[PDB]
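To start, the structure itself, in structure tokens.
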Amino acid sequence: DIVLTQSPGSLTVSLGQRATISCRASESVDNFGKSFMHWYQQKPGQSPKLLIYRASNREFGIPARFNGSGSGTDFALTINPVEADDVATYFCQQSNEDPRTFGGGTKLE
Amino acid sequence: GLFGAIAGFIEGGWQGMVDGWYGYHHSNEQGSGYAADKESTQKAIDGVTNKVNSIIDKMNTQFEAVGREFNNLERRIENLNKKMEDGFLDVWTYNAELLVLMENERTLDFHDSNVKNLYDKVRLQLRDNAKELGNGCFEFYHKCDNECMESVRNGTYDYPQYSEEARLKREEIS
Amino acid sequence: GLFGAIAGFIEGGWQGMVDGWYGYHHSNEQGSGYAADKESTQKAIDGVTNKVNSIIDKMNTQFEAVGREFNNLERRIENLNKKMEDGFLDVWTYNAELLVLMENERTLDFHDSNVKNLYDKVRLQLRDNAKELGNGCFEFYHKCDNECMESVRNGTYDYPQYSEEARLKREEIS
Amino acid sequence: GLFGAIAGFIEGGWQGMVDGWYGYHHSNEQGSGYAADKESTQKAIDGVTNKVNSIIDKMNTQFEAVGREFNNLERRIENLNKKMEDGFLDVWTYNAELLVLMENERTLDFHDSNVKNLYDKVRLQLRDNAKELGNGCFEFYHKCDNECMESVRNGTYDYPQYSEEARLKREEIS
Amino acid sequence: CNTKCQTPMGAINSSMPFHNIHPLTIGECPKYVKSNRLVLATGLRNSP
Amino acid sequence: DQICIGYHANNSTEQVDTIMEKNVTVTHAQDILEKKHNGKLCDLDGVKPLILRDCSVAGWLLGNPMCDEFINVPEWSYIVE
Ligand SMILES: *[C@@H]1O[C@H](CO)[C@@H](O[C@@H]2O[C@H](CO)[C@@H](O[C@@H]3O[C@H](CO)[C@@H](O)[C@H](O)[C@@H]3O)[C@H](O)[C@H]2NC(C)=O)[C@H](O)[C@H]1NC(C)=O
Ligand SMILES: *[C@@H]1O[C@H](CO)[C@@H](O[C@@H]2O[C@H](CO)[C@@H](O)[C@H](O)[C@H]2NC(C)=O)[C@H](O)[C@H]1NC(C)=O
Ligand SMILES: *[C@@H]1O[C@H](CO)[C@@H](O)[C@H](O)[C@H]1NC(C)=O
Ligand SMILES: *[C@@H]1O[C@H](CO)[C@@H](O)[C@H](O)[C@H]1NC(C)=O
Ligand SMILES: *[C@@H]1O[C@H](CO)[C@@H](O)[C@H](O)[C@H]1NC(C)=O
Ligand SMILES: *[C@@H]1O[C@H](CO)[C@@H](O)[C@H](O)[C@H]1NC(C)=O
Ligand SMILES: *[C@@H]1O[C@H](CO)[C@@H](O)[C@H](O)[C@H]1NC(C)=O
């Protein structure tokens, strides 16, 4: 049962400055050679959508500004640049074994 | 059984021997039972386990078939690829079967020697003291305790002391 | 001869033995001659015949060369086909020669054990009654009939009765 | 050691024996030393040398890789050529390793029989005259010269004469 | 499901070094030999 | 009193093969051959394969109007057609 702790709880960056979001896991979410942690974004009043799958690969249709890197227990997501159309709540999900667990969320101010 | 230890001299196995592979049966005044010697069965376990790994280790590198496709106008190449892929499989399946067939004979013959040599050293230790019956049985003369059976079991059989009582027993039956 | 039965103890074969492979020569008061025991030569016949079939049975699946032709503008493929076809033949002709070479050694060594173990059981039955000369000959003491020779031949040698007359013959020569 | 001659009966080699492979150690009134018998070590030399050549002779015909090139538009053929060339090397490197692995076992086991059979004939010649200690040692009774040791060495041990003095020595210790 | 080796007829869960399902396999898994039975003897022949 | 030599024996009926005779019974036999499969077709190392149902490589790459579910396909392990 991996529990996800995500810090900072609320992130505040103006337009154009790198925004780093991170979350850590209890044990390693890396198995079979690839780390299984997916990054989700939920805009206000909207259903969440997939941003990064397997912590490295980026979904088609997601702008290349979203970068995710990580290995082992710590993973980070960076956005370059940041505009007004980026405020949302971001979650990191593990899928090493059931049940799946989500992060505590992070408002991007 | 080339060495003849299995069947031959001893044609009957011991179902009561579950502790190990090779052992000794003692029938003396202090009861009877089955006991094992570790130095013989441990080497057989190590030798067989090494053989089992060796089959797996040697077979690590083998032909791996891969898919190739052709456009119905090049059938000589497709036939060449088809005959090459199954030809390699035929070669490799013969090596695996031949290796298994030969190593099965090795293990059975290897077990023959270990029990045969186990018998040889007991005869070589007891010598004149005991008589050879024919089914692997030794009937010694001295009226010693069960520790002497263990002495036979640790391969430490001192001869001289036991010779005098036994030679007094070679002259009373003669 | 690893087991040493061929040559070694018995370095001279019997040309008069045509009935079977392994047998006994008896030289007693009731004439002399050669006789055979079926339980030894039958197992050798079955074992060798099974081996002969096994070489044929295992070699059933083999590479079969087929003809392919090319149009003088594709010589890399023709060279590839030529090197593949004769390469498989070279691999398969090595397996056949190696298999024949090893199984020839098996049959000669398998025959060594059978005659060696045949000698071992006769020594194990006669024991003190006869003397070991060196060329496989046993010279027993009791003055029994030719049926006792057959008793040695069916592997049913009862010891006790013959021991008393023989031990009376171990004390008159001593 | 299936035959058990190496270790088993004789667990200690002779560093002073450099003349040959198999020999006899004599410890009598006329000094002591090591001596060799040629008929045993010569056959081992010839047999092993024939085996060493046989590995080289049989491996004469082998796959020989040759260079072929393709024009970046025919990669199925290039992959076919690449998988065929290294596939044949994988097959041939397994045969060479398996052949070396098996023939190493043959030589060690072949040497076991030669020294084992060398022991067997000496026991078969001395018989009642000497006693078997356990480490290959024979302690005979007659007080003959060093020539009798050579007589054991040329395999010409006449029994009868030495029996009378030895049987006078079997009755004084009994 | 999730299997370390996959074949056109299914998938393999094992650590054995041989299989006879299909030659065109993907992933690190036992090699293919066209044999029905392959057993290694690790014991004595028993009279009973 | 008597002491003898012996070997392990078992009531098992495991069958092993050898060149001299095809049928020999041993106390312990180890089998190395896999003849059973789950019968399914799932992913390898956690990445789902690209399972082409009815259209093929030519149809998918060209964008056949029958199969529009294979556009913008993510990473795959292998292609099944
Ligand atoms: C097939 O793959 C599985 C992984 O998915 C391998 O792990 C084995 O999975 C089985 C099924 O859960 C385990 O059996 C269980 O064992 C526990 C005791 O540890 C027992 O309490 C349960 O009731 C259940 O029987 C098994 O232990 C586990 N590990 C091994 C070594 O088998 C499995 O090995 C793969 N192969 C096979 C043939 O299943
Ligand atoms: C040796 O073992 C094989 C393998 O089991 C035996 O072959 C089986 O024989 C039975 C009896 O007729 C058949 O029902 C099976 O279908 C056979 N199986 C196979 C794989 O062939 C064989 O009978 C045994 N004995 C001998 C002498 O070969
Ligand atoms: C994301 O950033 C990492 C390091 O922070 C870098 O290694 C990687 O190349 C970047 N990825 C992309 C797609 O730019
Ligand atoms: C077992 O054999 C060893 C051999 O050195 C010996 O030390 C030991 O005393 C033996 N066991 C008994 C109970 O005598
Ligand atoms: C041959 O041996 C068998 C073994 O049971 C025995 O029944 C038979 O009597 C023997 N032959 C003769 C002539 O005694
Ligand atoms: C060595 O053995 C041969 C065997 O024929 C014999 O002729 C010779 O005399 C022996 N050597 C000696 C010194 O007796
Ligand atoms: C082996 O199985 C048979 C089956 O009937 C049984 O009779 C026998 O007692 C068993 N032997 C052991 C040692 O369990």
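By order of appearance in the structure tokens: chains A, B, ..., then residues from 1 within every chain, and ligands from 1 in the order shown.
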
Exercise. With a distance threshold of 8 Å and counting only C-alpha atoms, extract the residues of chain F near chain E and express them as a list in words.
Key: residues 8, 9, 10, 11, 16, 17, 24, 25, 26, 27, 28, 29, 30, 31, 32, 33, 34, 35, 36, 37, 38, 39, 40, 41, 42, 43, 44, 45 and 46 of chain F

Keeping only N, CA and C atoms, take the residues you just selected and write them out as a PDB file, in the first residue's frame.
ATOM      1  N   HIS F   8      19.200 -45.482  -0.883  1.00  0.00           N
ATOM      2  CA  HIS F   8      17.847 -44.957  -0.756  1.00  0.00           C
ATOM      3  C   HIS F   8      16.914 -45.616  -1.765  1.00  0.00           C
ATOM      4  N   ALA F   9      15.698 -45.921  -1.315  1.00  0.00           N
ATOM      5  CA  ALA F   9      14.662 -46.468  -2.175  1.00  0.00           C
ATOM      6  C   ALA F   9      13.357 -45.737  -1.904  1.00  0.00           C
ATOM      7  N   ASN F  10      12.522 -45.642  -2.935  1.00  0.00           N
ATOM      8  CA  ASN F  10      11.257 -44.932  -2.839  1.00  0.00           C
ATOM      9  C   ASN F  10      10.192 -45.689  -3.618  1.00  0.00           C
ATOM     10  N   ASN F  11       8.938 -45.411  -3.277  1.00  0.00           N
ATOM     11  CA  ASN F  11       7.790 -46.014  -3.940  1.00  0.00           C
ATOM     12  C   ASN F  11       7.282 -45.179  -5.109  1.00  0.00           C
ATOM     13  N   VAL F  16      11.978 -41.729 -16.290  1.00  0.00           N
ATOM     14  CA  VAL F  16      13.034 -40.987 -16.962  1.00  0.00           C
ATOM     15  C   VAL F  16      13.529 -41.847 -18.115  1.00  0.00           C
ATOM     16  N   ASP F  17      14.087 -41.199 -19.134  1.00  0.00           N
ATOM     17  CA  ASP F  17      14.552 -41.888 -20.328  1.00  0.00           C
ATOM     18  C   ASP F  17      16.074 -41.872 -20.417  1.00  0.00           C
ATOM     19  N   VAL F  24      13.058 -46.273 -17.609  1.00  0.00           N
ATOM     20  CA  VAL F  24      13.680 -46.563 -16.323  1.00  0.00           C
ATOM     21  C   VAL F  24      13.032 -45.690 -15.258  1.00  0.00           C
ATOM     22  N   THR F  25      12.782 -46.278 -14.091  1.00  0.00           N
ATOM     23  CA  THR F  25      12.155 -45.588 -12.972  1.00  0.00           C
ATOM     24  C   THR F  25      13.226 -45.155 -11.981  1.00  0.00           C
ATOM     25  N   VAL F  26      13.107 -43.924 -11.479  1.00  0.00           N
ATOM     26  CA  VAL F  26      14.075 -43.368 -10.545  1.00  0.00           C
ATOM     27  C   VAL F  26      13.345 -42.809  -9.332  1.00  0.00           C
ATOM     28  N   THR F  27      14.088 -42.683  -8.230  1.00  0.00           N
ATOM     29  CA  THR F  27      13.509 -42.159  -6.998  1.00  0.00           C
ATOM     30  C   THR F  27      13.165 -40.678  -7.111  1.00  0.00           C
ATOM     31  N   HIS F  28      13.978 -39.897  -7.819  1.00  0.00           N
ATOM     32  CA  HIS F  28      13.741 -38.469  -7.979  1.00  0.00           C
ATOM     33  C   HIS F  28      14.017 -38.080  -9.421  1.00  0.00           C
ATOM     34  N   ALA F  29      13.043 -37.435 -10.054  1.00  0.00           N
ATOM     35  CA  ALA F  29      13.164 -36.996 -11.435  1.00  0.00           C
ATOM     36  C   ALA F  29      12.798 -35.525 -11.533  1.00  0.00           C
ATOM     37  N   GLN F  30      13.586 -34.779 -12.300  1.00  0.00           N
ATOM     38  CA  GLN F  30      13.352 -33.361 -12.528  1.00  0.00           C
ATOM     39  C   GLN F  30      13.000 -33.144 -13.993  1.00  0.00           C
ATOM     40  N   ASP F  31      11.895 -32.449 -14.236  1.00  0.00           N
ATOM     41  CA  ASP F  31      11.421 -32.172 -15.583  1.00  0.00           C
ATOM     42  C   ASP F  31      11.727 -30.723 -15.927  1.00  0.00           C
ATOM     43  N   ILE F  32      12.313 -30.504 -17.102  1.00  0.00           N
ATOM     44  CA  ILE F  32      12.576 -29.161 -17.616  1.00  0.00           C
ATOM     45  C   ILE F  32      11.954 -29.075 -19.009  1.00  0.00           C
ATOM     46  N   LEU F  33      10.672 -28.712 -19.057  1.00  0.00           N
ATOM     47  CA  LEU F  33       9.953 -28.454 -20.297  1.00  0.00           C
ATOM     48  C   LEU F  33       8.596 -27.845 -19.969  1.00  0.00           C
ATOM     49  N   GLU F  34       8.249 -26.738 -20.614  1.00  0.00           N
ATOM     50  CA  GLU F  34       6.967 -26.088 -20.382  1.00  0.00           C
ATOM     51  C   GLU F  34       6.052 -26.329 -21.575  1.00  0.00           C
ATOM     52  N   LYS F  35       4.939 -27.016 -21.333  1.00  0.00           N
ATOM     53  CA  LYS F  35       3.973 -27.330 -22.373  1.00  0.00           C
ATOM     54  C   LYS F  35       2.629 -26.656 -22.152  1.00  0.00           C
ATOM     55  N   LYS F  36       2.482 -25.867 -21.091  1.00  0.00           N
ATOM     56  CA  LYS F  36       1.222 -25.221 -20.759  1.00  0.00           C
ATOM     57  C   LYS F  36       1.365 -23.710 -20.860  1.00  0.00           C
ATOM     58  N   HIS F  37       0.316 -23.063 -21.361  1.00  0.00           N
ATOM     59  CA  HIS F  37       0.262 -21.615 -21.479  1.00  0.00           C
ATOM     60  C   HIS F  37      -1.091 -21.124 -20.990  1.00  0.00           C
ATOM     61  N   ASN F  38      -1.120 -19.877 -20.514  1.00  0.00           N
ATOM     62  CA  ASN F  38      -2.359 -19.311 -19.992  1.00  0.00           C
ATOM     63  C   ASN F  38      -3.424 -19.138 -21.069  1.00  0.00           C
ATOM     64  N   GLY F  39      -3.028 -19.059 -22.337  1.00  0.00           N
ATOM     65  CA  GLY F  39      -3.969 -18.928 -23.426  1.00  0.00           C
ATOM     66  C   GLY F  39      -4.408 -17.516 -23.740  1.00  0.00           C
ATOM     67  N   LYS F  40      -3.953 -16.527 -22.977  1.00  0.00           N
ATOM     68  CA  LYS F  40      -4.308 -15.137 -23.202  1.00  0.00           C
ATOM     69  C   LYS F  40      -3.196 -14.436 -23.978  1.00  0.00           C
ATOM     70  N   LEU F  41      -3.375 -13.134 -24.195  1.00  0.00           N
ATOM     71  CA  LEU F  41      -2.392 -12.307 -24.901  1.00  0.00           C
ATOM     72  C   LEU F  41      -2.388 -10.948 -24.206  1.00  0.00           C
ATOM     73  N   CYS F  42      -1.465 -10.770 -23.268  1.00  0.00           N
ATOM     74  CA  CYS F  42      -1.382  -9.543 -22.487  1.00  0.00           C
ATOM     75  C   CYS F  42      -0.014  -8.893 -22.667  1.00  0.00           C
ATOM     76  N   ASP F  43       0.207  -7.822 -21.910  1.00  0.00           N
ATOM     77  CA  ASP F  43       1.349  -6.955 -22.137  1.00  0.00           C
ATOM     78  C   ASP F  43       2.640  -7.593 -21.633  1.00  0.00           C
ATOM     79  N   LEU F  44       3.758  -7.042 -22.099  1.00  0.00           N
ATOM     80  CA  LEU F  44       5.090  -7.497 -21.729  1.00  0.00           C
ATOM     81  C   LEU F  44       5.796  -6.369 -20.994  1.00  0.00           C
ATOM     82  N   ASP F  45       6.248  -6.650 -19.770  1.00  0.00           N
ATOM     83  CA  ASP F  45       6.965  -5.683 -18.937  1.00  0.00           C
ATOM     84  C   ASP F  45       6.142  -4.424 -18.675  1.00  0.00           C
ATOM     85  N   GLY F  46       4.823  -4.572 -18.569  1.00  0.00           N
ATOM     86  CA  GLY F  46       3.963  -3.496 -18.125  1.00  0.00           C
ATOM     87  C   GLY F  46       3.506  -2.517 -19.185  1.00  0.00           C
TER      88      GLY F  46
END

Within 6 Å of stretch 86-101 of chain A, counting only C-alpha atoms, which residues show up once you throw out same-chain ones fewer than 6 positions away? Write them as a compact mmCIF listing (two decimals) with N, CA, C and O atoms, in the first residue's frame, please.
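Output (around.txt):
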# COMPACT_ATOMS: atom_id res chain seq x y z
N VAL A 29 8.42 2.48 -6.48
CA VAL A 29 7.38 2.20 -7.46
C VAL A 29 7.99 1.75 -8.80
O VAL A 29 7.31 1.76 -9.82
N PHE A 36 6.60 3.00 -12.50
CA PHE A 36 5.19 3.15 -12.83
C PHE A 36 4.57 4.19 -11.91
O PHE A 36 3.97 3.88 -10.88
N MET A 37 4.71 5.46 -12.30
CA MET A 37 4.02 6.56 -11.65
C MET A 37 3.51 7.51 -12.72
O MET A 37 4.28 7.97 -13.57
N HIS A 38 2.21 7.80 -12.68
CA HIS A 38 1.56 8.62 -13.69
C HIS A 38 1.14 9.96 -13.08
O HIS A 38 0.74 10.03 -11.92
N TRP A 39 1.25 11.02 -13.88
CA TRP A 39 0.94 12.37 -13.44
C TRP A 39 -0.39 12.81 -14.04
O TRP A 39 -0.60 12.69 -15.25
N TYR A 40 -1.27 13.34 -13.20
CA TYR A 40 -2.61 13.74 -13.60
C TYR A 40 -2.81 15.23 -13.32
O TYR A 40 -2.25 15.76 -12.35
N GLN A 41 -3.60 15.88 -14.16
CA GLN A 41 -3.95 17.29 -13.98
C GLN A 41 -5.46 17.43 -14.03
O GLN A 41 -6.11 16.89 -14.93
N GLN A 42 -6.02 18.16 -13.07
CA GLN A 42 -7.46 18.42 -13.01
C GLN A 42 -7.69 19.92 -12.97
O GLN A 42 -7.42 20.56 -11.95
N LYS A 43 -8.18 20.48 -14.08
CA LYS A 43 -8.55 21.88 -14.12
C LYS A 43 -9.81 22.09 -13.29
O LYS A 43 -10.59 21.16 -13.07
N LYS A 107 -2.53 22.81 -5.49
CA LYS A 107 -2.98 23.97 -6.22
C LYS A 107 -1.78 24.72 -6.79
O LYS A 107 -0.77 24.92 -6.11
N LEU A 108 -1.89 25.13 -8.06
CA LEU A 108 -0.84 25.88 -8.74
C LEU A 108 -1.32 27.32 -8.85
O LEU A 108 -2.15 27.65 -9.71

Exercise. Give the residues close to ligand 2, within 8 Å, counting only C-alpha atoms and all ligand atoms; write them as an NGL selection string.
Key: (:E and (36)) or (:F and (15 or 22-23))

I need the chosen residues saved as a CSV table (one decimal), in the first residue's frame, with N, CA and C atoms.
chain,number,residue,atom,x,y,z
E,36,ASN,N,8.8,-33.6,-26.9
E,36,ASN,CA,7.6,-33.9,-26.1
E,36,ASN,C,8.0,-34.0,-24.6
F,15,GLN,N,9.1,-41.6,-14.3
F,15,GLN,CA,9.8,-42.2,-15.4
F,15,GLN,C,10.8,-41.2,-16.1
F,22,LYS,N,14.6,-47.2,-22.9
F,22,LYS,CA,13.8,-46.0,-22.9
F,22,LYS,C,13.0,-45.8,-21.6
F,23,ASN,N,12.8,-46.8,-20.9
F,23,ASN,CA,11.9,-46.8,-19.7
F,23,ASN,C,12.7,-47.2,-18.5

Self-check item: Selection as a ChimeraX atom specification: residues within 9 Å of ligand 6 by only C-alpha atoms and all ligand atoms
Solution: /D:147-148,150-156

Self-check item: Neighbour list for stretch 130-146 of chain D as JSON, numbers by chain, cut-off 7 Å, only C-alpha atoms, skip fewer than 3 positions in-chain
Solution: {"B": [124], "D": [9, 10, 30, 126, 127, 149, 150, 162, 165, 166, 169]}

Contact table chain B vs chain D, cut-off 8 Å, shortest pair per residue, only C-alpha atoms, as a Markdown table:
| residue | atom | partner | partner_atom | distance |
| --- | --- | --- | --- | --- |
| B:58 | CA | D:94 | CA | 7.6 |
| B:61 | CA | D:90 | CA | 6.8 |
| B:62 | CA | D:90 | CA | 6.8 |
| B:63 | CA | D:87 | CA | 5.9 |
| B:68 | CA | D:76 | CA | 6.7 |
| B:81 | CA | D:80 | CA | 7.1 |
| B:84 | CA | D:84 | CA | 7.6 |
| B:88 | CA | D:87 | CA | 7.8 |
| B:92 | CA | D:91 | CA | 7.7 |
| B:110 | CA | D:2 | CA | 6.6 |
| B:113 | CA | D:2 | CA | 5.1 |
| B:114 | CA | D:2 | CA | 7.2 |
| B:117 | CA | D:4 | CA | 6.6 |
| B:121 | CA | D:8 | CA | 7.7 |
| B:124 | CA | D:134 | CA | 6.1 |
| B:125 | CA | D:134 | CA | 7.4 |

Quiz prompt | Residues within 12 Å of ligand 3, counting only C-alpha atoms and all ligand atoms, as a ChimeraX atom specification | solution = /A:18-21,52,55-59,62-71,75-80

Write a file of the just-selected residues containing C-alpha atoms, as a PDB file, in the first residue's frame.
ATOM      1  CA  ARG A  18      10.045  27.169 -13.878  1.00  0.00           C
ATOM      2  CA  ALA A  19       7.434  25.441 -11.652  1.00  0.00           C
ATOM      3  CA  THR A  20       8.685  22.208  -9.959  1.00  0.00           C
ATOM      4  CA  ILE A  21       6.178  19.803  -8.389  1.00  0.00           C
ATOM      5  CA  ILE A  52       2.608  11.968 -17.994  1.00  0.00           C
ATOM      6  CA  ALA A  55       6.797   9.174 -15.205  1.00  0.00           C
ATOM      7  CA  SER A  56       8.792   9.893 -18.384  1.00  0.00           C
ATOM      8  CA  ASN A  57       6.609   9.602 -21.473  1.00  0.00           C
ATOM      9  CA  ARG A  58       4.222  12.437 -22.349  1.00  0.00           C
ATOM     10  CA  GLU A  59       0.763  11.954 -23.849  1.00  0.00           C
ATOM     11  CA  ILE A  62      -0.038  17.662 -24.076  1.00  0.00           C
ATOM     12  CA  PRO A  63       2.295  20.596 -24.842  1.00  0.00           C
ATOM     13  CA  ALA A  64       6.020  19.881 -24.607  1.00  0.00           C
ATOM     14  CA  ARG A  65       6.295  22.402 -21.752  1.00  0.00           C
ATOM     15  CA  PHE A  66       5.428  19.614 -19.300  1.00  0.00           C
ATOM     16  CA  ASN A  67       8.553  17.693 -18.275  1.00  0.00           C
ATOM     17  CA  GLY A  68       8.580  14.788 -15.849  1.00  0.00           C
ATOM     18  CA  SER A  69      11.674  13.056 -14.495  1.00  0.00           C
ATOM     19  CA  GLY A  70      12.323  10.757 -11.573  1.00  0.00           C
ATOM     20  CA  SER A  71      13.755   7.469 -10.399  1.00  0.00           C
ATOM     21  CA  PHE A  75       9.635  12.056  -9.000  1.00  0.00           C
ATOM     22  CA  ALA A  76       9.393  15.641 -10.241  1.00  0.00           C
ATOM     23  CA  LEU A  77       7.370  17.491 -12.879  1.00  0.00           C
ATOM     24  CA  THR A  78       8.540  20.779 -14.408  1.00  0.00           C
ATOM     25  CA  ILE A  79       6.626  23.217 -16.627  1.00  0.00           C
ATOM     26  CA  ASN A  80       8.459  25.666 -18.912  1.00  0.00           C
TER      27      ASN A  80
END

Practice problem: Per DSSP on the backbone, filter stretch 48-165 of chain B down to the residues in helix (DSSP H, G or I) and report them as a ChimeraX atom specification. | Solution: /B:48-58,75-129,146-153,160-165

Quiz item: If we count only C-alpha atoms, which residues of chain A reach to within 8 Å of chain F? Please list them as a PyMOL selection string.
Solution: chain A and resi 32-33+59-60

Exercise. Find the residues in chain B near chain E: any atom within 7 Å counts, using only C-alpha atoms. Write them as a ChimeraX atom specification.
Key: /B:12-13,48,56,65-67,89,93,100,104,107-108,111

Write the residues you've just listed into a file as a short mmCIF file (atom, residue, chain, number, x, y, z; two decimals), in the first residue's frame, and include C-alpha atoms for each of them.
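result_15.cif written:
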data_model
loop_
_atom_site.label_atom_id
_atom_site.label_comp_id
_atom_site.auth_asym_id
_atom_site.auth_seq_id
_atom_site.Cartn_x
_atom_site.Cartn_y
_atom_site.Cartn_z
CA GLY B 12 16.91 -54.64 -2.88
CA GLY B 13 16.52 -51.00 -1.93
CA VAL B 48 24.11 -33.81 -9.46
CA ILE B 56 20.88 -24.87 -18.07
CA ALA B 65 13.60 -17.39 -34.30
CA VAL B 66 12.49 -13.99 -35.59
CA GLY B 67 9.70 -13.06 -37.98
CA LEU B 89 15.62 -25.63 -34.48
CA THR B 93 16.49 -29.91 -30.48
CA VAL B 100 19.66 -35.12 -21.74
CA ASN B 104 20.76 -39.45 -17.65
CA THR B 107 23.80 -39.89 -13.19
CA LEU B 108 22.72 -43.53 -12.98
CA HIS B 111 25.34 -43.34 -8.40
#

Quiz prompt | DSSP strand (DSSP E or B) residues within chain E, listed as a PyMOL selection string | solution = chain E and resi 2+5-7+10-12+18-19+26+31-32+39-41+45

With N, CA and C atoms retained, write the just-selected residues as a short mmCIF file (atom, residue, chain, number, x, y, z; two decimals), in the first residue's frame.
data_model
loop_
_atom_site.label_atom_id
_atom_site.label_comp_id
_atom_site.auth_asym_id
_atom_site.auth_seq_id
_atom_site.Cartn_x
_atom_site.Cartn_y
_atom_site.Cartn_z
N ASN E 2 -0.11 -9.97 -17.12
CA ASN E 2 1.23 -9.41 -17.30
C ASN E 2 2.23 -10.54 -17.20
N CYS E 5 7.19 -13.31 -20.69
CA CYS E 5 7.34 -13.84 -22.03
C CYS E 5 5.97 -14.00 -22.66
N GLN E 6 5.89 -13.74 -23.97
CA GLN E 6 4.63 -13.85 -24.69
C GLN E 6 4.86 -14.58 -26.00
N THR E 7 3.92 -15.45 -26.36
CA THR E 7 3.96 -16.27 -27.56
C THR E 7 2.66 -16.13 -28.32
N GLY E 10 -0.14 -17.82 -26.52
CA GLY E 10 -0.42 -17.51 -25.13
C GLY E 10 0.77 -16.82 -24.48
N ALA E 11 1.10 -17.29 -23.28
CA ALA E 11 2.19 -16.72 -22.50
C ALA E 11 2.72 -17.79 -21.55
N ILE E 12 3.93 -17.56 -21.04
CA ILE E 12 4.62 -18.54 -20.20
C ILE E 12 4.93 -17.92 -18.85
N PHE E 18 13.35 -24.70 -20.95
CA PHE E 18 12.88 -25.24 -22.22
C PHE E 18 11.37 -25.13 -22.31
N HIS E 19 10.88 -25.03 -23.55
CA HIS E 19 9.45 -25.03 -23.82
C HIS E 19 9.24 -25.44 -25.27
N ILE E 26 8.71 -13.52 -27.72
CA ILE E 26 9.23 -12.20 -27.43
C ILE E 26 9.45 -12.08 -25.93
N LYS E 31 13.98 -21.12 -24.06
CA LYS E 31 14.16 -21.36 -25.48
C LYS E 31 13.21 -22.46 -25.96
N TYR E 32 13.10 -22.58 -27.28
CA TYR E 32 12.15 -23.49 -27.90
C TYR E 32 12.86 -24.72 -28.44
N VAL E 39 13.55 -34.75 -19.38
CA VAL E 39 13.67 -34.88 -17.93
C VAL E 39 15.11 -35.24 -17.58
N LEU E 40 15.60 -34.65 -16.49
CA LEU E 40 16.92 -34.95 -15.97
C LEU E 40 16.78 -35.80 -14.72
N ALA E 41 17.44 -36.96 -14.71
CA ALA E 41 17.37 -37.86 -13.57
C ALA E 41 18.31 -37.39 -12.47
N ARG E 45 17.98 -45.51 -9.61
CA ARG E 45 16.94 -46.38 -10.12
C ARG E 45 16.46 -47.31 -9.02
#

Practice problem: Please determine the contact residues of chain F with respect to chain C at a cut-off of 7 Å, counting only C-alpha atoms, and supply them as an NGL selection string. | Solution: :F and (19-21)

Quiz item: Contacts of stretch 49-57 of chain F at 7 Å or less, counting only C-alpha atoms, minus same-chain residues fewer than 4 places along, as a PyMOL selection string?
Solution: chain F and resi 43+61+67+76-81

Quiz item: What is the atom 14 (O, counted along the ligand's line) of ligand 7 to atom CA of residue B:16 distance in Å?
Solution: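 Taking atom 14 (O, counted along the ligand's line) of ligand 7 as the start and atom CA of residue B:16 as the end point, the length is 8.4 Å.
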
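Atom CA of residue C:69 is found 16.9 Å from atom CA of residue B:72.
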